[PDB]
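The block underneath contains the structure these notes are about, expressed in structure tokens.
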Amino acid sequence: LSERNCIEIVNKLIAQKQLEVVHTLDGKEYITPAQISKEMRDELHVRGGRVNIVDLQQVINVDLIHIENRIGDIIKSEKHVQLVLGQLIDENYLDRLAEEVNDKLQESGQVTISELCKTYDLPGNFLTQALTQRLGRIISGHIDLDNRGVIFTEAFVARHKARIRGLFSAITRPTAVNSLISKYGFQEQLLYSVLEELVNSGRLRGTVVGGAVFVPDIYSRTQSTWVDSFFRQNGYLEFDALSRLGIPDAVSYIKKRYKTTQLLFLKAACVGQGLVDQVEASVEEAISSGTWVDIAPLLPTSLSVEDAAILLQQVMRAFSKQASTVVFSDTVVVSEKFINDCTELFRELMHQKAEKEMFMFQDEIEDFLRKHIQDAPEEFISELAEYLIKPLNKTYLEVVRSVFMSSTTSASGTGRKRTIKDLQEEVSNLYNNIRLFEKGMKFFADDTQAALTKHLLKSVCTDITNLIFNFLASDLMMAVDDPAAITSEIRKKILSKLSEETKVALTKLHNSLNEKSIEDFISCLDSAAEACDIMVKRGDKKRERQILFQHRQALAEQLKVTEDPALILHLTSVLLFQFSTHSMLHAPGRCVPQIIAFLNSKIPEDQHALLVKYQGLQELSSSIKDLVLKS
Amino acid sequence: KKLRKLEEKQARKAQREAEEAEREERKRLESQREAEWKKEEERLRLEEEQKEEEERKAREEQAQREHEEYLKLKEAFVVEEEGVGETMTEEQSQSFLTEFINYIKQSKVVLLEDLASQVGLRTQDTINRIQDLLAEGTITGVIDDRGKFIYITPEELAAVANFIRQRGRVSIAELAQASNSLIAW
Amino acid sequence: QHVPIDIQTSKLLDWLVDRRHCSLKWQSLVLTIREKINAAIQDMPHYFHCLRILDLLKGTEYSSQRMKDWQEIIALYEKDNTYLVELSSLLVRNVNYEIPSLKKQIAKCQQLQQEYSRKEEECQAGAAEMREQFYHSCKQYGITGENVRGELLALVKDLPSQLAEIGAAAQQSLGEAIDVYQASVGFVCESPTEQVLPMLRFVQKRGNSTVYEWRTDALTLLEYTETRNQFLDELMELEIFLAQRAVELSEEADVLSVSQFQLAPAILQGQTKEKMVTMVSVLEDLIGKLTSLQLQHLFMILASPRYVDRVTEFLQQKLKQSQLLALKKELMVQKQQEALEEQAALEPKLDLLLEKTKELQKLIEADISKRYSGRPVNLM
Amino acid sequence: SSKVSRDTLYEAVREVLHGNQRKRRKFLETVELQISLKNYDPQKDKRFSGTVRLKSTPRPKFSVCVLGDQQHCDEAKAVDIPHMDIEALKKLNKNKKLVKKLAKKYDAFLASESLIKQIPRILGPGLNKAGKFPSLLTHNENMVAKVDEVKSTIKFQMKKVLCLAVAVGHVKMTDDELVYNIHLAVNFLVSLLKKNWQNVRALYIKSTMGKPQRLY
Amino acid sequence: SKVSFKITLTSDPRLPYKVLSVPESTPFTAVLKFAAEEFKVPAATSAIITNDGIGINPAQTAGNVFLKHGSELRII
């Protein structure tokens, strides 16, 4: 038979399914799926216990799919075979691997799973599991399985312990442990086990803080001795010298170490007892001796002003019911007795000067303090002067008032007791007087009225308001013994120091002078009079009658006695008006002719003619007066 | 004057019409005469075509006579025998292919020459019948490239299948030797 | 006339019988003719050979049958031109069924020669590559390439020479280090009633051999594995101590640092990072020397003999794979040479058959023409 | 350790203790450390202060008075340590001159708790002005030991100038005690400065009437 | 020299095949007439076809037909 036809027979059989075969890549041979597995097993055994499916293709000379099927078959058919990255690995190969690893382990002391995988091409997890399953059984060692899966022998723990012992016998400062583990190539758990053994055995002296930094006993001892000696000798700590010694949390270190002792914390410092007692004793002495004390020279020079202030505030908390002492410059304590004594010291000179003038600038006060107080800081002088400005001023005001009284207990004493009895009377005379001149202003003509009203407001209204202004200024004493000695400027000055309630009333009374009507003046005048307790009594019909009679009598006597010609005529005309009209009148020297011209409507023609002829400019004037007595 | 212009225009129109009428009459008469002359030319063409037809009948009869006398010189010929196509019945065809099947089975080795003879058809006809039977697959066998057909029974096919399924690896040459061994000639 | 008689070659038989000069059943006649040609072969002096044998017997030789046999054979052969059909079939089959066969066989032989040559070349290349790999390996292990076990044993045998140099170097240069370490341990660690680094103290002045002396084996101190491990452990402990001291002294001293080393003995006072780096470098040199010597595997050969066995097994396996590949390649060479020689031996028959076919073709055409008035004939 | 080496300190101590070009004197000489500071503005920076106890007594003529109560006065009487009863202090009328003279006479004062809390009422602001305020002495303490402790302390204080000076030993010393004392003083002083050695310019070690020796 | 065509009729179910010998020179027309006369069918509609079914020119000597399209012939 031939070749091609035999091939044809075989394909016919394959079609009938009477025989399952596969074709060699070459094509010159036929392989049953049952013998592919035989060849694969034989090669897996031959070339050790490891094959690659690629090389299985190279050797069996069949396509890859068939080898891929038979590998899945062969794993099950022989449980001691696995498949890792397309490679059939046997247990014998892994056991030889373990023997080689044991040799190298007892050679170099340690192995790394990474290195083993690199030099054997297998994956890491597979190697870890394979070696672990037979660790101890064949491998003499122990597994980390955590930090690169390094295995080690009993002679590697020895080297680890030796190296840790050497390294930690050279540490004299607090150093991080993670840095050491990273840099020098240690194992964390083994490191801590050996370290605990050594520390317990006394070969190493230290503790780990944070469960990480190693603090050897020498460092802690030196730190503690330094700070303890400083506290003993000086009696305080600074929180900044402590920072330079390796203590960033001072407020915690001190409490942790010095808890039985009594301490006071002040920002950047901690003053122990003994300093506080001295400050307290000195402040006691200042309290009792009626003097002051500065606590700055009683404290270490390395304490800020804030710390001194806090300490002083703490010490002063023990004196609440004691004298109300005050603190200047945050450091100097001054007793109240001393403040009063200084006030008194100023008082004598203040009274002398007040009597002389019957306060000074702060600079003069500081000059006084310097003259009588010695060895003090400048800030103390400034603060004391500022404090004394007000109370000293009140003392000076009281002294001025007392001197005024003592110089006036008879002068203003009589003013208050006796004089008021005459002020009321004389204001009464003037007030009742202005009424009939209100009559006069009402009666006459409008331009004539303007003249009369102007002259009345000039002469008499001022006459009454000066009285009230004198009475008021009697308080401030700058009055003038002559009530005629009151002027507009003096009125403003008096108002310059008058109570608002009465000031408003007096302002109405004064500015009413600037007015052009007298009724508003009367209103404001009564308002002012009651605003200062001046009982104004409107005289009744009887008082009014007596006023009219007195004016007639005074005018008659004046112009039958006085020798001034123009004044004689003026009095004569006014009297004629009064008699013929029954109302008083007060006119200037710049309106006389108008009244005579008016009065021609009341009197004969001859007396009128004589008056007019006299005004138009001896024997003839002698007739004028004779008219009055013959009226 | 105006009546004169009207009458003159009427005369001018009469002239406008008479000439056109005469022109149309001439164009009709002469064209009709020309068409009649063309028809006479067509009649002469008909005479020529009839001369062609008669001479063509003469030529056709001449061909007929030439053929009539052109057979006498024939008619000296000899039959050698006579035959008739008898039978290829599907029953007869079935019997023929059955006898072929038994003959080949008894022989089992044929080079298509003795087979072509005993079967008695040209070699191509044989190979057609053999290839059809194999395609439908009444009997399975091998047709050698050098020229032959060898019959293989299903049992021997199973024997070769067992040989493959047992020996594991076999080369084409190894299978050829095993076929020389198992397959019976 | 000149219309050439042209027919496709394989149809010669079909056309001929279609021309009725011959018909079917001739095969049995030819078998009988061969039955007679048996007698004709036994006694010596096809149809054209029948003409040659006529020309011969007519002279050599009817009273005898040696030519009467051919007489009756030729009578049958001409009968329905049986010779014509027989020769036609001979030629037709010989061209269409045999020429393809022989040409295919020779082509297959050439293809096999090509494939075998390629395989041989690939095998030779693989063997050369494997040899290179083996040489690289035994260079990595520092062996010449000859017998592996002998080279390994020679290498290990030379070891107890440099260890003495290491010991001599260790005898000096450790005086300052051991004392500084001992003082620092006594002071900082408050453990003065203990000796640090015993075996280093031994090596300082008391020698670098006589493990029996250390006990109160028979190999130098570093020859044994346990004592060597302890010595290296102590060297590394001292070196790490000195390195860490150098790290700390780099930073400028502060108040606490000065306070600590106020009561310290003289040796521990005044040390500087340069003085520490010197000793660190010395210890590093010694440790590097010992660990590099270990890297060269010298220790692993004098103990744990399985290791030399494994190394030799690896090297020998590589070499053996090389040699086996060489043998396979050379056997392939021989096989391909034999196949090529066989091909050359079988080659000539093709041309013999082609020439015989051409001669028979010319004879067929000539016979066809001779029957058919010498017309021009050819087959395609 | 330190920018002042042991070699340099030993050389300076040898120069000041026993060296050619010296001059023997009848009275026991005291060695003193002189300091010059830099990069310091006393008007703006912190004014440091500190007291440190040396190992050996610098001045063996230090005088200590015990301002103690009756029990301590009786205890003192058993030793040559001077003392003053509360009555003696009260005898003074807080006069400035007498308290100034009392402060001048002695170098350090010691007092008992019962008396320390009374100084301002009995003595006034005189002992603080002189920089001599008594330390506390408790009956739970050995008097000789406490007197010794105050005899071995030195004080560093900055007032207005960048010049500092303290006593560290006498010339009848074993040459190793003095080096220890100088080391202690210098380390403490550097501890007290804001910038450790960037605030120190020069250091000198000198006998009372002797040649200066420079350390830094 | 003589030659004989193979004349098998298609119309008859019994397929009457005839053989007759003539010299190769004669034109086919004589064969056509003889075959039609023996078969008793008109020779006009005839288109003498071979076994495979392709028309052949009748006006041609016998040798050309005996060479080009075979001896196997039929009549439709």
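Bear in mind these aren't lab numbers, they're just calculated from the coordinates by the rules spelled out. Every residue, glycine among them, receives a Cβ derived from its backbone with ideal geometry; neighbour counts consider all protein chains shown.
What does the helix-only formula give at 222 nm for chain A: each DSSP H stretch with n ≥ 4 adding -39500 (n - 2.57), the total divided by the residues, and the result rounded to the nearest 500 deg cm²/dmol?
-20000 deg cm²/dmol
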- prompt: Hey, how many Å between the Cα centroid of segment A:541-597 and the Cα centroid of segment A:163-191?
  reply: 131
- request: Compute the separation of the alpha-carbon centres of segment A:350-380 and segment A:15-65 and state it in Å as a whole number.
  value: 125
query: To one decimal place, what orientation-averaged projected area in nm² is obtained for the convex hull of the Cα set of segment A:88-228?
result: 10.1
query: With point charges of +1 on the Cβ of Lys and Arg and -1 on the Cβ of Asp and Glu, referenced to the Cα centre of chain B, which listed residue (B:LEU44, B:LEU71, B:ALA173) lies farthest in the positive direction of the dipole?
result: B:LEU44
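Rounded, prolate or oblate: which one fits segment D:64-150, using the alpha carbon gyration tensor with axes a ≥ b ≥ c (rounded when a/c is under 1.5, else prolate when a/b beats b/c, else oblate)? Let's see the in-between values first.
On the way: a/c = 1.77, a/b = 1.54, b/c = 1.15.
It comes out prolate by the Cα gyration axes.
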query: Going toward the positive end of the dipole of the protein assembly as shown, with +1 on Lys and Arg Cβ and -1 on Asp and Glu Cβ, which of A:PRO593, C:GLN316, A:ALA286 do you reach last?
result: A:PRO593
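Using helices alone, I'd like the mean residue ellipticity at 222 nm for chain B: each DSSP H run of four-plus residues gives -39500 (n - 2.57), total over residue count, nearest 500.
-24500 deg cm²/dmol
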statement: Ranking D:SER63, A:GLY109, C:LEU331 by how far each Cα lies towards the positive end of the charge dipole of the protein assembly as shown (+1 on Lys and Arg Cβ, -1 on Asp and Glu Cβ), the top one is D:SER63
- line: Net charge (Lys, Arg +1; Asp, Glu -1) of residues whose beta-carbon lies under 13 Å from that of B:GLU55, B:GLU55 excluded, is -4
task: Compare B:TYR103, B:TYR70, B:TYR151 in a GNM of chain B, Cα atoms joined below 10 Å, and give the one with the largest fluctuation.
output: B:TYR70
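What does DSSP give for chain D in terms of the percent of beta bridges that are antiparallel, rounded to the nearest 5? Please list the in-between numbers first.
Numbers: 20 of 28 bridges.
In chain D, approximately 70 percent of DSSP beta bridges are antiparallel ones.
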query: Treating the beta-carbon of each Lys and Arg as +1 and of each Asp and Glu as -1, no other charges, what is the dipole magnitude of the protein assembly as shown about its Cα centre, to the nearest 20 debye?
result: 8620
- line: With +1 on the Cβ of every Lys and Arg and -1 on the Cβ of every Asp and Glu, the dipole magnitude of segment E:3-75 about its Cα centre, in debye rounded to the nearest 20, is 80
query: Could you name the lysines in cross-link range of B:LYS27, using Cα to Cα under 28 Å and dropping any fewer than eight places away on the same chain?
result: B:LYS9, B:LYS13, B:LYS38, B:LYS39
- prompt: List the trypsin sites (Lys or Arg not before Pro) in segment D:115-216 that DSSP assigns to loop (not H, G, I, E or B) and whose Cβ has at most 14 other Cβ atoms within 10 Å. Which are they?
  reply: D:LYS159, D:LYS160, D:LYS172, D:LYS194, D:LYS195
- prompt: Among all the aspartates and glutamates, which ones have a C-alpha under 15 Å from C:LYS273's C-alpha, if same-chain residues fewer than 8 places away are not counted?
  reply: C:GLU176, C:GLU239, C:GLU248, C:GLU251, C:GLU252
query: Considering the zone a paramagnetic label at B:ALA159 would reach in this model (a point 7 Å from Cα along the Cα-to-Cβ line), which residues of segment A:1-42 have amide N under 19 Å from it?
result: A:1-3, A:5-14, A:18-19
field: Anchor D:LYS38: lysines whose Cα lies under 25 Å away (excluding residues fewer than 8 positions away in-chain)
entry: D:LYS3, D:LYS46, D:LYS155, D:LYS159, D:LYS160, D:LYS194, D:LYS195, D:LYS206, D:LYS211
field: DSSP-defined beta bridges in the protein assembly as shown - what % are antiparallel, rounded to 5
entry: 80
task: Kindly identify the protein assembly as shown as rounded, prolate or oblate by the Cα gyration tensor criterion: order the square roots of the eigenvalues as a ≥ b ≥ c, call it rounded if a/c is under 1.5, otherwise compare a/b with b/c, prolate if a/b is larger, else oblate.
output: oblate
- request: Divide by every residue of chain D the summed helix terms, -39500 (n - 2.57) for each DSSP H run of at least 4, and state the resulting mean residue ellipticity at 222 nm, rounded to the nearest 500 deg cm²/dmol.
  value: -8500 deg cm²/dmol
query: How much net charge surrounds D:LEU54 when only the other residues with a Cβ under 12 Å from the Cβ of D:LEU54 are counted, with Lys and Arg +1 and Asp and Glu -1?
result: +2
- prompt: About its Cα centre, how strong a charge dipole does segment C:172-296 have in debye, to the nearest 20, once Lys and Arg get +1 and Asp and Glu get -1 at the Cβ?
  reply: 380
